[PDB]
Amino acid sequence: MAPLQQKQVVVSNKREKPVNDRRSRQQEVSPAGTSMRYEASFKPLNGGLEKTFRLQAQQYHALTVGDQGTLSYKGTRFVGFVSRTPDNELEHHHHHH
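In structure tokens form, the structure reads like this:
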């Protein structure tokens, strides 16, 4: 059993660490060049090592760096990120233009 552990974190910086596929069964690192899976660093407000989770391009485009907000994770397993003010809470339905 695992409850949704939610704590407010800082989206500090984007990161990119090289990846290797599990099928390689490598006994060594040996990066497979690069990848389009951009990583986001979630820093705990109470101090600690940044939680660098790997995201897709479409996913990284969904959040903003600097946006302090709630993080929903279960241990080391990333579930979802909860922005305080999502895009549509700024981009409202009533416009002048």
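Residues in the sequence shown are numbered consecutively from 40, following this note's numbering.
Just so you know, even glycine gets a beta-carbon here, dropped at the ideal spot from N, CA and C.
Handout entry: Option in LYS82, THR124 and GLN95 with minimal Cα separation from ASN52
Key = Numbered from its first residue, the sequence shown carries residue 52 at position 13. Ranking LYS82, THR124 and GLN95 by Cα distance to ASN52 puts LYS82 first.
Practice task
Label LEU88 either buried or exposed according to how many other C-beta atoms from any shown protein chain fall within 10 Å of its C-beta, with 16 as the threshold for buried.
Solution key: Reading the sequence shown from its first residue, position 49 is the one you call residue 88. With fewer than 16 other Cβ atoms within 10 Å, it is exposed.
Problem - Given 8 Å, three or more beta-carbon pairs between the segment 59-67 and the segment 125-134 - result: no
Exercise for the section: Starting from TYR99, follow the alpha helix (DSSP H) in both directions and report where the run begins and ends. Expected result: Looking up residue 99 in the sequence shown gives position 60. Looking at the DSSP string, the run of the alpha helix (DSSP H) that includes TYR99 is 96-99.
Practice task
Could you tell me which residues DSSP puts in a beta bridge with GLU128?
Solution key: One-based indexing of the sequence shown puts residue 128 at position 89. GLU128 pairs with nothing; no bridge assigned.
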